[PDB]
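Take a look at this single chain, the form deposited in one PDB entry, given in structure tokens.
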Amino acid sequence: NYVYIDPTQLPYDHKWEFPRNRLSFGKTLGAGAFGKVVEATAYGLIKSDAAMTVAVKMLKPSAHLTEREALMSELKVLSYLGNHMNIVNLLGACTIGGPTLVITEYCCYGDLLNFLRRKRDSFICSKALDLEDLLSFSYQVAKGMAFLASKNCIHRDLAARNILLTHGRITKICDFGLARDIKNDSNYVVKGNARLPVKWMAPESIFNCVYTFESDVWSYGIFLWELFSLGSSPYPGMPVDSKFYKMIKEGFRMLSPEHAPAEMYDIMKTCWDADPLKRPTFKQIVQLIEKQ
């Protein structure tokens, strides 16, 4: 049978190869469930004499098959999407002579989540973290998410921790470890018995194992929630078990963060519709924010 040749499944381009002995490691930048990211210098990575600052991502030692496969999966994705201001810029990989190193544009402020909590105790509006800044990050992630979707991709792990921030208040989406290309169906079904970011997951994906374009929309909602609560954990104190699953199904949702404006809560909520086909598309979120 016939398939849309999936760009993110394609064997790998050796044009990204950058010799690892030209890299050097500084302090650790973060670590999620999949990889470890470390700060670095890449000598001669763009200009023959660069000394560029970068983020290098690599498997954590004693990583499993899943972690392994995923790191390659995001090399391949990052590759396919290419430069776009709001996605994380891929600049290289090292696959030869040591562990897979995935080289990324360094974002100097880190994950919104962490950034939010360092600057929560300093939040104001009209000017330091702004309300305009929070709006600005809402716009930029929706903008970037609307871009993935046009490129037939679903992130599958949109969360505050997987959004980076660089200098011009410019935000970059990262962690394409769970991202898949959806052109073939849309309804992408999770095969593995997986270990997933459940509190960011739309009910249809939890219960019926189906992710769609409008299921990143759900997570983007939990992310507007993270954004405007100045970095709170979703459903704080709430373990993921039957009590949590049941409150999602029966349709219960989080309240407005004390710092969210009415229209942003309104978007979140429509992002949280039980009916997948009632949620707005990021394209519509984008335009919903540009009226603010």
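Just count from 1 along the sequence shown to find any residue number. We call the rigid core the largest set of C-alpha positions that still match within 1.5 Å between the two forms.
In what follows, reference is made to the form deposited in another entry, a form of this protein that is not presented.
After superposition on the rigid core, the C-alpha displacement between the shown form and the other one reaches 2 Å or more for just one residue among 163, 222, 178, 145, namely 178. A displacement of 2 angstroms or greater separates the C-alpha positions of residue 96 between the shown form and the other one, with the rigid core held in common. In this overlay on the rigid core, residue 284 has a C-alpha that sits less than 2 Å away from its partner position between the shown form and the other one.
In this overlay on the rigid core, residue 73 has a C-alpha that sits 2 Å or more away from its partner position between the shown form and the other one. Between residue 190 and residue 161, the Cα distance is smaller in that other deposited form than in this structure, by no less than 3 angstroms.
In that other deposited form, the CA atoms of residue 179 and residue 287 move farther apart by at least 3 angstroms compared with the shown structure.
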